[PDB]
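Peer 1: Partial complex follows, first chain(s) only, in situ:
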Amino acid sequence: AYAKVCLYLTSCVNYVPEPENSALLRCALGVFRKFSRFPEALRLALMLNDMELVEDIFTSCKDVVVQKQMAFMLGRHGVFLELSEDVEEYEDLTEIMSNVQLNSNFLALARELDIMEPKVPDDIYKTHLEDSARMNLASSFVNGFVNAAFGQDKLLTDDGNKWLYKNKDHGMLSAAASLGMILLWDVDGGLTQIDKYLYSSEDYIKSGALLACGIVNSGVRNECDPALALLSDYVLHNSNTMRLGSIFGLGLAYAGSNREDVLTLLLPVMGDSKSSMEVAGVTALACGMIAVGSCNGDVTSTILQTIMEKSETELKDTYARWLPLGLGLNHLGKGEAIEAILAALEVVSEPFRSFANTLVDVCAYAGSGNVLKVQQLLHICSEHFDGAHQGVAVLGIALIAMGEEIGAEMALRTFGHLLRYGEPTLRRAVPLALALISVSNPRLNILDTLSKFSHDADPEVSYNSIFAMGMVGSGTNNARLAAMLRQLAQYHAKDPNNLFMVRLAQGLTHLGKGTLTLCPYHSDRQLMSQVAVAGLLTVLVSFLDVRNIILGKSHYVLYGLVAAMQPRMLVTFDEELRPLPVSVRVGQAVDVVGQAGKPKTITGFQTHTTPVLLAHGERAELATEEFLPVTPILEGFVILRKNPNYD
């Protein structure tokens, strides 16, 4: 009965048109609340995007432990509930929501699975078995990616001025924000290091250290507000030269917070028009990241005025793509509502129309699975202009189809056919969309296609394919993919403009030595993370034009990728937030789907003691019925109680 109902409702919600999904979700939530399955109710409420219902369920929850585990789940998803000062353990619940102690937990997992030994970029390169500023940039990027969230390294934590000066031009920003991402996730004691670097005589280095502070605070939530202070102090008056590091660091630091103070600090710097078009685009991007999913009238209006005011040739010039991108990030997943914005953009300008319209439309219908919407996108794809709208449209099919386990593979087939029958821009874009549709999820057709098309004659298609393959391998350090990337490095040994992408893919594959995942979804394959999808869409829309953005001077978007960095975790906790090493078995997925057979049975049993670093698509269940798990699904941090029935 319960299993039948809940499973059928979930599957149909994933596989049903728009009008019925909401009603089915309502009745699913009602059944869960009736049977008193509060974590399930919370998951359904979040996937509904019903913060009011989320608060109602969370407050109705009068169990301290279950409430704290709900706080863990909501923190991992990304939300900062403003709980009133009368609840079960207000302070503990609030700090769990803020996601503090994540540094300690990550370090604890590293110690349990010893990975604290730093890995220098040359270690992953393994050049002893197989330039200049470009190589310095690539090495810094891969070093940061591999040593992210550890607060440890061997290049920058050791003598770091040498690395900074070996890097050139924007390599200064690259290295500084790489250090920031190394100290990511609650190394806020690292404000000391980043401050004693930003006390610098070099503008690029100082701004990169400001971006480092922002990225370190990214994901983190500290009531002391450790970002707004630095960011405002630097961005209040100097709005002429670059400002990109500051604005981007603020946006990455706060993201899903949606704090009116940061919104109203970021809006005027965009609306002033005294800051370069790059700053305007990055400011719209930061506003979108701060407000990923709001229907925020202020952000929408300011973006519309910016688009109107910017000259026709300015809109033609790149980096204008980030303004409609910011508007879409604001209208992330809100669905139909955007009609007003769509009409406004349609009446704004003729040629920039296709681009902005398609971008906002796809970014608003992300995950909807609207087949008619994807058909509109495919008709736009068929109509060849004789291109930017083409690329964002292919990205749109990916973004909208990454919601169903069947539609995803079918969109992979559609992407293969798109590359087969495509035009230059279509082919250039397809790898980015095909990376979006599968992130941190190695798949032996995605990897094969991307590897095949990396060698492709089109240099930009090669760039996108290599970065896409690194993306697919993100946080899943795999022998096959590492060997493939090393082989590609050998292939494009001489080509620096492509070897940089190859090295970036290597580092992004060995992300955190292998601890994290850039996949937007989490939990049990249907929970979109607005912040993570915003970051991924930022990076991929920037890559849509790869030469002049990433290979130029705008890899702060690569650093914005951090908005989607979340761990693959199974740490278990005591009722009073203490470690509980408990035997747990792991596996991918197995069951008999009769009526509504739950796909919770796991056959690839692999007994482990928590912490456990599970991979993509693996469900870890308890080894024995000695502890009951408050959460039905064991993902991320968990609180396990002692089964009063029997050990």
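Peer 2: Perfect, thanks for sending it. Numbers count the residues shown, from 1 in each chain, chains lettered A, B, ... in the order given.
Peer 1: Please list the residues outside stretch A:198-206 that contact it.
Peer 2: A:164, A:169-170, A:172-173, A:176, A:197, A:209-210, A:213, A:241-242 (CB atoms under 8 Å, 6 or more residues apart in numbering). C-beta: built from backbone N, CA, C; applies to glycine.
Peer 1: Quick one: buried ones out of these?
Peer 2: Neighbour counting by 16 or more other CB atoms under 10 Å classes A:164, A:170, A:172-173, A:176, A:197, A:209-210, A:213, A:242 among the contacts of stretch A:198-206 as buried.
Peer 1: if we take those, which one ends up nearest to residue A:489?
Peer 2: Distances from residue A:489 to those, taken as CB to CB, are shortest for residue A:170 (22.7 Å).
Peer 1: was I right about that closest one contacting residue A:555?
Peer 2: Yes: if you go by CB atoms under 8 Å, residue A:170 and residue A:555 touch, sitting 7.3 Å apart.
Peer 1: what is in contact with these two at once?
Peer 2: Residues within reach of residue A:170 and of residue A:555 at once, by CB under 8 Å, 6+ apart, are residue A:137.
Peer 1: The residue nearest to the spatial centre of chain A and residue A:362: what is the separation?
Peer 2: Centroid check for chain A by CA atoms, centre = their mean gives residue A:564 as the closest residue, at 1.8 Å. Using CB to CB, to the nearest Å, one obtains 17 Å as the distance from residue A:564 to residue A:362.
Peer 1: One more: residue A:229?
Peer 2: 36 Å.
Peer 1: Same check on residue A:576?
Peer 2: Residue A:576 is 46 Å from residue A:362, by CB to CB.
Peer 1: Who has more neighbours out of the two?
Peer 2: residue A:362 (26 against 11; other CB atoms under 10 Å).
Peer 1: and chain B on top of that:
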Amino acid sequence: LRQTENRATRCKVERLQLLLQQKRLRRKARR
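Peer 2: Following on from the chains above, chain B is added here:
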């Protein structure tokens, strides 16, 4: 200009890290 910004950042980030230290001390005392 640059020196004024640097001194402002120095004093105010010292204040910020001090506040963070108080937060962590409160957490540990609770623990």
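Peer 1: same question on the contacts of stretch A:198-206, but now with chain B added
Peer 2: For stretch A:198-206, contacts defined as CB atoms under 8 Å, 6 or more residues apart in numbering or on different chains pick out A:164, A:169-170, A:172-173, A:176, A:197, A:209-210, A:213, A:241-242, B:2, B:6, B:9-10.
Peer 1: what residues does chain A put near chain B?
Peer 2: Within chain A, the positions near chain B by CB under 8 Å from any CB of the partner chain are A:91, A:95, A:100, A:188-189, A:191-192, A:195, A:198-199, A:201, A:222-224, A:226, A:229-230, A:233-234.
Peer 1: again, only using 7 Å
Peer 2: Residues of chain A lying close to chain B by CB under 7 Å from any CB of the partner chain are A:188, A:191-192, A:195, A:198-199, A:222, A:224, A:226, A:229-230, A:233.
Peer 1: Helices - which of the residues you listed land there?
Peer 2: Using DSSP state H, A:191-192, A:195, A:198, A:229-230, A:233 are the members of the residues of chain A next to chain B that sit in helices.
Peer 1: Just flag the most distant two among these.
Peer 2: The most distant members of those, if one measures by CB to CB, are A:192 and A:233, lying 16.8 Å apart.
Peer 1: ok, these two, which is more surrounded?
Peer 2: Neighbour comparison, residue A:192 and residue A:233: the larger count goes to residue A:233, with 16 against 13 (by other CB atoms under 10 Å in any protein chain shown).
Peer 1: What ranges does chain B have for its helices?
Peer 2: So, for chain B - with DSSP H - the helices run B:2-30.
Peer 1: Next to chain A, which bits of it? Give me the list.
Peer 2: So chain B meets chain A at B:6, B:8-10, B:12-13, B:16-17, B:19-20, B:23 (CB under 7 Å from any CB).
Peer 1: What number of residues are in the vicinity of residue 20?
Peer 2: Just going to use chain A. Neighbourhood size, residue A:20 [other CB under 10 Å]: 11.
Peer 1: switch to chain B, that's the one I care about
Peer 2: Neighbour number of residue B:20 under other CB under 10 Å is 17.
Peer 1: while you're at it, add chain C from this line:
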Amino acid sequence: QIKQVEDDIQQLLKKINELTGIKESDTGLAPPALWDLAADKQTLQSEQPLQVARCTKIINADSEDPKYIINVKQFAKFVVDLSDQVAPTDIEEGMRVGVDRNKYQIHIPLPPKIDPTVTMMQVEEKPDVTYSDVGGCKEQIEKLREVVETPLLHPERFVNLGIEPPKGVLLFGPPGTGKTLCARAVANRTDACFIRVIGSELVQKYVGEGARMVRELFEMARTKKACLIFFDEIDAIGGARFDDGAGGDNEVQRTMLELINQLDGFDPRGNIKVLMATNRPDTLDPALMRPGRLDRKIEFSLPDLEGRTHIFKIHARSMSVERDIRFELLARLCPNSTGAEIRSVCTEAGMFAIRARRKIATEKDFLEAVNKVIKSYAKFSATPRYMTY
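Peer 2: This next block brings in chain C, placed alongside the chains you saw above:
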């Protein structure tokens, strides 16, 4: 409407195929997605075929206009010159010259010939076994890891002290102790060229064909920068040379001597590290066992009590065993047993549970499995002979 939906789905697939490309695999053709006809026409009209020859001699090698004696295999020998795109230094007196037709001069230097049999030995797909799947031989794992991985991972810690790491290991022990298991673990964990060889694969029907492919194997390893070779079942060709009176084992002794000379002879053996897996380390030639060729002989003795308990744990990690395990009792109950015996015991416990139609394997099932695998099969055991061997 279900059947209508499947019928439409298959009709749609049929139309997609009929309009894109359906079936071309008889003559090994490819799907038409990666069909660059525009490029292949220019390829056939701009890249002329090149017949592979060998530069025999360089007459008048001095700066004066030289002449190269090529030997187009089985076709003819010629005196030729270089293409103006090819630098003189790029070609030596033994490289595969790769000359065009029609005034055989359009040169492309070409690597040494490798027998397809020899080249189909590199381990492309790495085994799914890890060092955590091997239990009860901690010291053996440490020594093998040192020799094969550590120089290939952190050479600085060796060049700092000026040490030449041992380059050569002989994993020897009774049938089933983790020899091939550890070889697979090394292949999985190693970032280098792993080349597996089977002693039986060096037995060839024509005199000088075993030694020929040994030479080809070692020179391919030399062409590669960091290579681990793994001769499994080395007993096949590696045997003490005996005069006899009818010339027995002359060919296998010749190929073994070629391997000996390649491991340590009048030449720097290169950055090749060799493994020798065997369960009869008493036939191997003394020259083969010399520590200039097998530096780090490792014994995979039958696991002790702790090793047997660890192996039982490893093999029962993923099983559906019940609460109380007493794998220590099982280990003491099956002494002088192999990891193969232990895995068979675990498997037979699982099969006893399955036969009883249970989903939980219990201590009684494990004891029945021990009785079946250790006691009943005691007469088929290889340890009593191969411990002497």
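Peer 1: ok chain C is loaded, check the contacts of stretch A:198-206 again?
Peer 2: A:164, A:170, A:172-173, A:176, A:197, A:209-210, A:241, B:6, B:9-10 (CB atoms under 7 Å, 6 or more residues apart in numbering or on different chains).
Peer 1: mind running it again at 6 Å?
Peer 2: A:172-173, A:176, A:209-210, B:6 (CB atoms under 6 Å, 6 or more residues apart in numbering or on different chains).
Peer 1: Restricted to helices, list those residues.
Peer 2: Short answer: the contacts of stretch A:198-206 in helices (DSSP H) are A:172-173, A:176, A:209-210, B:6.
Peer 1: Just confirm residue A:98 contacts residue A:221, I think it does.
Peer 2: Yes: between residue A:98 and residue A:221 there is a contact under CB atoms under 6 Å: 3.7 Å.
Peer 1: All the strands of chain C, residue numbers only.
Peer 2: Secondary structure of chain C by DSSP state E: the strands cover C:50-51, C:55-59, C:67-72, C:76-80, C:99-100, C:169-172, C:193-198, C:227-232, C:272-278, C:298-299.
Peer 1: Turn those strands into a markdown table, including distance to chain B and mean neighbour count.
Peer 2: Listed next are the strands of chain C as a markdown table, based on distance: least, CB to the nearest CB, whole Å; neighbours: other CB atoms under 10 Å in any protein chain shown:
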| stretch | distance to chain B | mean neighbour count |
| --- | --- | --- |
| strand C:50-51 | 65 | 15 |
| strand C:55-59 | 67 | 15 |
| strand C:67-72 | 68 | 19 |
| strand C:76-80 | 70 | 14 |
| strand C:99-100 | 67 | 21 |
| strand C:169-172 | 51 | 27 |
| strand C:193-198 | 50 | 20 |
| strand C:227-232 | 50 | 24 |
| strand C:272-278 | 51 | 26 |
| strand C:298-299 | 49 | 18 |
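Peer 1: Now render the ones you listed as CSV, adding distance to residue A:531.
Peer 2: CSV is the format used below for the strands of chain C (distance: least, CB to CB, whole Å):
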stretch, distance to residue A:531
strand C:50-51, 57
strand C:55-59, 64
strand C:67-72, 66
strand C:76-80, 67
strand C:99-100, 61
strand C:169-172, 51
strand C:193-198, 43
strand C:227-232, 45
strand C:272-278, 48
strand C:298-299, 52
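Peer 1: Understood, closing this out.
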